[PDB]
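Taking it in order: structure first as structure tokens, then the write-up.
Values below: all heavy atoms of this structure, side chains included; hydrogens, waters and symmetry mates excluded. Every chain is numbered from 1 and lettered A, B, ... according to where its sequence line falls, protein lines coming before strand lines.
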Amino acid sequence: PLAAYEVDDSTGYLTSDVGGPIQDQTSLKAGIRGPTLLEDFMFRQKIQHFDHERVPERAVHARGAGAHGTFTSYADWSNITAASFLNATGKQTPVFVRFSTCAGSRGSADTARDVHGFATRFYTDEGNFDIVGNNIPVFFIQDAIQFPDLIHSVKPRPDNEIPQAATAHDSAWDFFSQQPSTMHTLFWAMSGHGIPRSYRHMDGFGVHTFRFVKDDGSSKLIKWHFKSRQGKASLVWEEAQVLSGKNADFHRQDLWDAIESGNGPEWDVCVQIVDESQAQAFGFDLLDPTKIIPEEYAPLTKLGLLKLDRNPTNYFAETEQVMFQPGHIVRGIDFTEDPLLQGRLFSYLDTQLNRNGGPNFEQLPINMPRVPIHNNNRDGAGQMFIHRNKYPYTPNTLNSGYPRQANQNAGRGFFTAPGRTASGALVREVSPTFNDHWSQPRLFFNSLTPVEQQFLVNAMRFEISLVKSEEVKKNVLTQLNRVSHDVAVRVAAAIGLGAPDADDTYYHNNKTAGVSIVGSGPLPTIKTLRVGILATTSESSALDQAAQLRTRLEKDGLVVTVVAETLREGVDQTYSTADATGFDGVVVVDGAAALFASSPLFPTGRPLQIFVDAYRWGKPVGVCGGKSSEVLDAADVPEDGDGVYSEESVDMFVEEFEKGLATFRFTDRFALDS
Amino acid sequence: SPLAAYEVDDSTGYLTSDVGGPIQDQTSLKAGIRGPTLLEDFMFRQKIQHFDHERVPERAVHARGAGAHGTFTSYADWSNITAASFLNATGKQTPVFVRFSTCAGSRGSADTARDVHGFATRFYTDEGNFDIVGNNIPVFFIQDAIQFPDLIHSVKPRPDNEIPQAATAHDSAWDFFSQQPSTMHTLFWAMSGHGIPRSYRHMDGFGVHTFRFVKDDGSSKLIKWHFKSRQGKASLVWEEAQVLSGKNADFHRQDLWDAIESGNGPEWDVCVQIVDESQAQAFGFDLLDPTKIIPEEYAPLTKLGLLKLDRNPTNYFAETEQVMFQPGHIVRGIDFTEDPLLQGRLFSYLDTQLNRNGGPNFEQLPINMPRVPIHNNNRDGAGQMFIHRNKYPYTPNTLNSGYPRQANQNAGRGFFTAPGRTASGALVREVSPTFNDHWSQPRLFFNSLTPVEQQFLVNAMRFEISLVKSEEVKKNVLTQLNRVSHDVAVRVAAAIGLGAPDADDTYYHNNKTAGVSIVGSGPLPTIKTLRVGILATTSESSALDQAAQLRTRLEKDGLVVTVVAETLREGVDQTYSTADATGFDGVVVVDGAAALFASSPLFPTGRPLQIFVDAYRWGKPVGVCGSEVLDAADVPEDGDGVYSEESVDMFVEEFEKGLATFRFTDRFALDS
Amino acid sequence: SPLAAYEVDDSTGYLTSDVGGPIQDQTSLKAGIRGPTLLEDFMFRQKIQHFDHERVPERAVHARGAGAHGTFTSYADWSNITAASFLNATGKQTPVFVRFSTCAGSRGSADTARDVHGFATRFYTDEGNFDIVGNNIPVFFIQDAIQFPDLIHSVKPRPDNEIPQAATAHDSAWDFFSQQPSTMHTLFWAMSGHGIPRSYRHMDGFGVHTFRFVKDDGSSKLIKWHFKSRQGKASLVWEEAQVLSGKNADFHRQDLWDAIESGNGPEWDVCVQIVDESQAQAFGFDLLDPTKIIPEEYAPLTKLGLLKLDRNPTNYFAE
Ligand code: HEM
Ligand code: HEM
Ligand code: HEM
Ligand SMILES: [Ca+2]
Ligand SMILES: [Ca+2]
Ligand SMILES: [Ca+2]
Ligand SMILES: [Ca+2]
Ligand SMILES: [Ca+2]
């Protein structure tokens, strides 16, 4: 894919960057115990490179991971868009996708509670087209000019730089409560969408309304929705926290492993399509990025399949250096007057100068298009091209008038949708059509299941309880109360304040499909899900049981880890390094029961803690072999429990257990406010 | 070649963004036909962002220069003196890039400033890129690299007002020279015709430092690099260089470009003086001292190979502006010496490329890439153009099977420091007493110039020092010049109204050395590329006929001929309005044009005659073919370099000898 | 000096590093008196690293230029036409900094090239820095900013060999001018004596664009800036300019510096033509078009105040 740029070092002698064979292990010194010499160019070339390895992290979405893939169109979409990549059934275009958290620095944990990025580049035969989206369909703010306010508030306090990758501090909730537009995204982030099970188990959204533009000039309004084929799934908060410490790399490792095992994740790339006349028809403004179109109003149209199936060769060169822009647009697509989108168009082109340190960032391999470039851009630091045209100006006769101007009528040029207009005063004023900040947050809340609603309440209780300012806490209750009195009461109970009186201006009872995680039913596939088998080296029959279970589980593409006191043939991991956050279900072989009812080889009570944690976090758990009561009694897990299994037959154990893995979470183990 | 892969062809096709999307770039997107420009106009912003960022920092020195590609060819297998692969077989060819430059001026300053000149050569060898980063003068101003910023601050413009451009003719430069007497040897070279070469092709190149050749058995010898020009040695005269700086600031880069384009690519014999390590101090000075030459009488030149430049760049910025030379670009078979000027340069070039490139990946630019595989564990950095497959970039490793392997004297043709080298003594910030003679060699150089050349050097000093405002700096200058030569100090002092100090003969002597004089180097060995202006008129068909006939004859001998008249037409290249004597190496007036030399709205009053008179005054061969003309000009018919013939063929014969003589120095007055 | 707080005096004292450690900087630390230089010599490396990084990118245009400090003094309270604080009272003074330049040439190219010239003025007002980034010619070559790189690529040296420096006298420039006829007006100016001014002090400054003056009540008028020289208008002749480019590349910067040092700091009346919003298309051309002047017979100049340059910089690079 980027084969032309690969460098192989599987053989050969060390050389400088200019091909001179050298060594790099000992400095040149004036005598054997002498000082190092300035003339040692071997030393200086190697250390200079090392000294300059780092580049600025992205201003947001610093922490993330990418993979290569293919997009395949399901149809000829010419009848709605001139976009070349969508112009034929089965047409394939290479892609690169990067997923990320949003607030944390490089090296912060994947399983922070946060908005997540989902950025996709299509290397089309008419230019690179990027859709730079999030896993949440609405954004916090209604005007790009407010982005630094939002980001400053969410990022660590700037005196001490605390806390990392978290909204759980005063400044964030101060902003949220003073800028009520934030409520909708806030509710999404406080739901299980803020803590996805993996990048493969979340959807991607363009957020903004864009336009599809036909060759004839007619346009329609669209929203992009990348719908996961793996299904939707979340962690529970108290698992996400432990996982942040046990495996900061959880999401990037999950993605990397799925691709390597031939389970590359897939999404249906979809749009909602509506007429230009419907911009204000749905009870809100399609220019407002804090609003969704309910699927009951406009159904999803599937355009094609996105599949990620190839990991990068060098993370820095590919994932770190990929530079996405919403301004990377192609003929057939256009912008709308969404004031958040409008300002983004400026930001991405500008910020890449910061990251790259020079203007030629489009020439980096990962950023290059797959079709020829013909323009009069020249020079600049890091210029890799050697341009033959010595008359790089338009209009010219001395290069026969090339390159020629491309537009609607010639050379397949980009063109602005010709029906677009502007009218009015030049103003710094918010449209009153943007003013309802609360009805959609309530629509979202109403659409979650009872346990889902409790989890959202509990996320808010956790975070707001860490806000020191009594005034900020009260202000937060004021805003929450406008979305839902019941939310405000339940949150207030945790923080020892009174909720204010119900204000029903924005309350309503409407619901919408497709936003609940709990309500989206069992997972459509269990391939890649992780089963930890707790066993012991003290009983050769426990290992026999573990081996039989492994064979039967791996047959169905589950990723199996056998855990014992020490490593040996057939054991993957020791108890010392094992944790419940490492598994989607946990099985104990009854031969190992004694470990459950002290060792220098693992912390006290570790084998039982793995089982108890997994149970408490809602995972399918069980004992295989017939003798289950010693384990279940020690764990205080009821044998009759939903998602608790006990069979002597390995085949029968696995059949039941696999149903539990697809259910994924057993939500009856979590208490509800009365 | 790494460059061929990166050549971009825009001779056909529709305009695209840098990511391949077809676009237009002539009108901004606006809210209505007389409305404001939109922020969502990504076509506008990408184009202007690229323009806004086109410039990069100029080089800290040698900012003004020009480059060309070529080939080096070895004359022999030199394994007997060096392990260097590019020198290891008769006829072995290695691609090269050379950049020539002035030294002090900023990137838009005139080629014909009086200055030291750079001559940097990259050999893209089969064992790595090897650069010889040299000058047209064999000695440098200072004896320790730590003093480089002091020298450069003093010669560059005064930092309150940034005046004067590309010139040593100001107080700070002469204050430095007079306070740091190591400067005298290079100063005398810069004040000679070597400060104002006729072209880059008519100057030599010198590595300056003593280096080592190291054999595969580990033994070493000391060497000096000398690239000897096959075009011969030639200078401008100062008044000419001044006028040229205004009429054609691009004179040397144009000269090089045109010679290459016409198939007259310039050539040098790449030579060394080679001496034994036991002779470091045998010649009366220290070979570690970069202010000293080895006289050719003590060590003759051995010709190693031919350097030829024969192809111009495709894109100046990408190739010439972006080429980043380093004396650290060394290959097996060459090593450094303890010259404290060389020692510190090694640090500077690697560091300064960070400034110019803005990132650590500058060796990845096509002009800087080697022509052999790169195997190492350097990673990441801004502008990383590679995708490295080896995911265990550390040594020692087993996870990549211990690759890359270390290279050294024994294995993998590794670079190695000459194993005979040692150090002994205290760790000191002390100058060796062996460096202390700052005046004998400048006198050696002075003695070796011809009388008129000596006068030109005195006159360059009279010009510059007369422009120094401080009487105390001027006295201090006289003190140092007097230690080189009492007579020089006397003659300079005369022009500035001061008395010279009394003779101080400690460093005086009468020795001479071969190969340093320009005037004394005899006629040019070729006159190909030399420029002849034929002054004619459109008023007389005879004039145009004489010019045409003279042209075809001179052009066959590879002369570049320009016919000048009042207006352009068939046969006429240039108008009198744009013509100047600095545009020519010889000037011919055709008989039919006699009347112009005696007003017109088409050119300044007296222009035709001034071209002929300036050419004469500046020592160039001049002639009339077909005199009223020689009399109008005050040119003596019997003068050497003055030609008068009816016969086109006899005229051409005589005039072509005059072009080879090049300058007629009997036209310049000498001191009494 | 307006920038006194940032000045560094080195008229006394011992050499130090940038972190205040007294050091030397004349000889490298070596292993023996004829030995190699040591990596541990931090005195050498800090000095040379600084030198190695002294240069920055020259301006994309107007690279060759010179500057001075001065004062602007308002002739009146201009509230009647503008809310601008620096213009709100008779005799109110505001410090300025002005940079003059040629347009096409790189750093080091000659002052006396034939060219458009830059005339950029900063007013450090009590309500913020206000810049008028002007030229010595009142109209520009092109009618849309998107065409600027085309214009500049064509006039700057040919990109294969970088020839010629600081000159429109080559094919690519005249190709552009002939294919892009909006260029004609500025081209005629550049080909007149305005292309070779006798000095920065003998040329005028123009904002080129129509701007708006806005009152505190929100009403607005259309304006053009014209800085009228109090030294008079003067040009070189072309042959003279060519010779000067060789004999004194620094001619205009020296002339400015010298005039200021001798107490002859140059002056301009800062003026505007002021017309109503309704006259945008009334004069036979569009006031949005930067290739057009408003003839003075249609709209006379109003003098707003005096601009005087009277102090040279202390450090050219820094200022
Ligand atoms: C709809 C709301 C938004 C979404 C879905 C969004 C999405 C993203 C994503 C996914 C990335 C990381 C791309 C990657 O993986 O490299 C990103 C980076 C960035 N975003 Fe946006 N963003 C939004 C709003 C904004 C706004 C309003 C601004 C500023 C006006 C902005 C400025 C940036 C900057 C400076 C970066 C770093 C870009 C880079 O270094 O390449 N974002 N955003
Ligand atoms: C023997 C005396 C020296 C000679 C013959 C010499 C030669 C040169 C030449 C020919 C160039 C321009 C290369 C090109 O065309 O791109 C150059 C650039 C440079 N030189 Fe040296 N030089 C010498 C001494 C030094 C010293 C002592 C230092 C610093 C300690 C130094 C620092 C530099 C720097 C910073 C540049 C610009 C390099 C770049 O930007 O690529 N020079 N010198
Ligand atoms: C009315 C037409 C224009 C006039 C009178 C004008 C005037 C100037 C002046 C006087 C300077 C130098 C300021 C200084 O001394 O530092 C300048 C610099 C510059 N100009 Fe403009 N200009 C005009 C049009 C444009 C256009 C259309 C563009 C690009 C769209 C542009 C881009 C620049 C850039 C990139 C610089 C270098 C600025 C810097 O580095 O600070 N100019 N121009
Ligand atoms: Ca805080
Ligand atoms: Ca930088
Ligand atoms: Ca001075
Ligand atoms: Ca001479
Ligand atoms: Ca041209």
Side-chain angles (χ1 to χ4, degrees), chain B residues 161 163, chain C residues 62 64-76 96-103 110-121 123 132-140 185-208 223-245 247-273 293-312:
Chain B
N161 61 12
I163 303 170
Chain C
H62 304 296
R64 172 77 183 173
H69 293 268
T71 299
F72 170 75
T73 306
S74 190
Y75 291 153
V96 304
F97 188 80
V98 170
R99 188 170 171 285
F100 302 107
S101 50
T102 62
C103 289
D111 282 351
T112 55
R114 178 179 293 288
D115 206 359
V116 180
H117 300 71
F119 186 151
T121 304
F123 303 80
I132 297 170
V133 185
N135 279 348
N136 81 309
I137 287 163
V139 286
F140 206 62
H185 202 180
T186 304
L187 180 61
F188 274 67
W189 283 78
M191 292 300 126
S192 75
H194 295 281
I196 46 177
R198 164 54 181 77
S199 87
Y200 301 146
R201 307 181 295 120
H202 295 90
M203 77 189 186
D204 287 351
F206 300 97
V208 180
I223 67 105
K224 298 283 206 194
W225 297 107
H226 189 161
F227 289 30
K228 172 138 85 191
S229 172
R230 281 193 168 197
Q231 291 70 233
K233 303 174 194 298
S235 63
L236 306 176
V237 298
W238 177 240
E239 184 188 23
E240 180 190 10
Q242 283 218 293
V243 176
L244 251 175
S245 298
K247 301 273 182 185
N248 191 359
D250 305 296
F251 176 59
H252 288 166
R253 62 175 60 178
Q254 186 82 75
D255 164 284
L256 177 66
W257 195 273
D258 288 353
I260 283 174
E261 291 306 321
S262 63
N264 292 100
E267 289 172 12
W268 292 256
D269 289 294
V270 175
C271 307
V272 290
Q273 298 174 287
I293 59 167
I294 306 172
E296 290 193 30
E297 295 83 12
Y298 298 175
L301 288 176
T302 296
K303 293 184 298 196
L304 297 184
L306 178 71
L307 168 77
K308 183 180 189 58
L309 296 177
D310 55 11
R311 187 190 307 260
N312 287 315

>> Please verify the inter-ring angle class for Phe119(C) with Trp268(C); under 30° counts as parallel, over 60° as perpendicular, anything in between as tilted.
In response: perpendicular

>> Working to the nearest 0.5 angstrom, can you tell me the gap between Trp238(C) CH2 and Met191(C) CE?
In response: 8.5 Å

> For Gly265(C), does its backbone N or O pair with a side-chain atom of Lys308(C) as donor and acceptor, under 3.5 Å?
Replying inline: yes

> Looking at CH2 of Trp257(C) and CG of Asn161(B), how far apart are the two atoms once the value is rounded to the nearest 0.5 Å?
Replying inline: 4.5 Å

> Hey, are the side chains of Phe100(C) and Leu309(C) touching, using non-hydrogen atoms and a 4.5 Å cut-off?
Replying inline: yes

>> Quick check: closest heavy atoms across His226(C) and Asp204(C), and the distance to 0.1 Å?
In response: NE2-OD2, 3.0 Å

>> I'd like to know whether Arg198(C) forms a side chain to side chain contact (heavy atoms under 4.5 Å, CB included) with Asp255(C), so could you lay out the CA-CA distance, the side-chain angles of the two residues, the decisive distance to 0.1 Å, and finally the verdict.
In response: CA-CA 9 Å; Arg198(C) 164 54 181 77; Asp255(C) 164 284; 3.0 Å; yes

> How are the rings of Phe97(C) and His69(C) set relative to one another: parallel (under 30°), tilted (30 to 60°) or perpendicular (over 60°)?
Replying inline: perpendicular

> Does a side-chain heavy-atom distance below 4.5 Å link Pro266(C) with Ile260(C)?
Replying inline: yes

> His252(C) vs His117(C) aromatic rings, parallel, tilted or perpendicular, using cut-offs 30° and 60°?
Replying inline: tilted

>> As an exercise, state the distance from CG of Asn264(C) to CD of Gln231(C), rounded to the nearest 0.5 Å.
In response: 9.0 Å

> Does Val272(C) have any side-chain contact (heavy atoms from CB on, under 4.5 Å) partners at least two apart in sequence or in another chain, and if so, which?
Replying inline: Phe213(C), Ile223(C), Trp225(C), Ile274(C), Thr302(C), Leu304(C)

> Which of these, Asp115(C), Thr102(C), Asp111(C), sits in a side-chain hydrogen bond (donor to acceptor under 3.5 Å, both in side chains) with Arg64(C)?
Replying inline: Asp111(C)

> Just wondering, more than 12 heavy atoms not from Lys303(C) lying within 6.0 Å of its NZ?
Replying inline: no

> For the side chain of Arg114(C) and the backbone of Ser192(C), is there at least one donor-acceptor N/O pair under 3.5 Å apart?
Replying inline: yes

> Heavy atoms, side chains only, cut-off 4.5 Å: are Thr121(C) and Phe72(C) in contact?
Replying inline: no

> At their closest point, which heavy atom of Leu256(C) faces which heavy atom of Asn312(C), and how far apart are they?
Replying inline: O-OD1, 4.4 Å

> With side chains defined as the heavy atoms from C-beta onward, is the minimum distance between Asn135(C) and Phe206(C) less than 4.5 Å?
Replying inline: no

> So how far is it from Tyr75(C) OH to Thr73(C) OG1, rounded to the nearest 0.5 Å?
Replying inline: 8.0 Å

>> Measuring from atom CH2 of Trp189(C) to atom CZ of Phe140(C), what distance do you get when rounded to the nearest 0.5 angstrom?
In response: 14.5 Å

> How many angstroms lie between CG in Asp310(C) and CD in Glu261(C), if you round to the nearest 0.5 Å?
Replying inline: 11.0 Å

>> Looking at every heavy atom in both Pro197(C) and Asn136(C), which two are closest together, and how far apart are they?
In response: CG-ND2, 4.3 Å

> What heavy-atom pair brings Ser245(C) and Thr112(C) nearest, and what distance separates the two atoms?
Replying inline: OG-OG1, 2.8 Å

> Any donor-acceptor pair under 3.5 Å linking the side chain of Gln254(C) with the backbone of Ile163(B)?
Replying inline: no

>> Ignoring hydrogens, what is the shortest heavy-atom contact between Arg201(C) and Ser229(C)? Give both atom names and the distance.
In response: O-OG, 2.7 Å

>> Can you give me the closest heavy-atom contact between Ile196(C) and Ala113(C), atom names plus distance?
In response: CG2-O, 4.0 Å

> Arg253(C) side chain to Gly65(C) main-chain N or O, any donor-acceptor pair under 3.5 Å?
Replying inline: yes

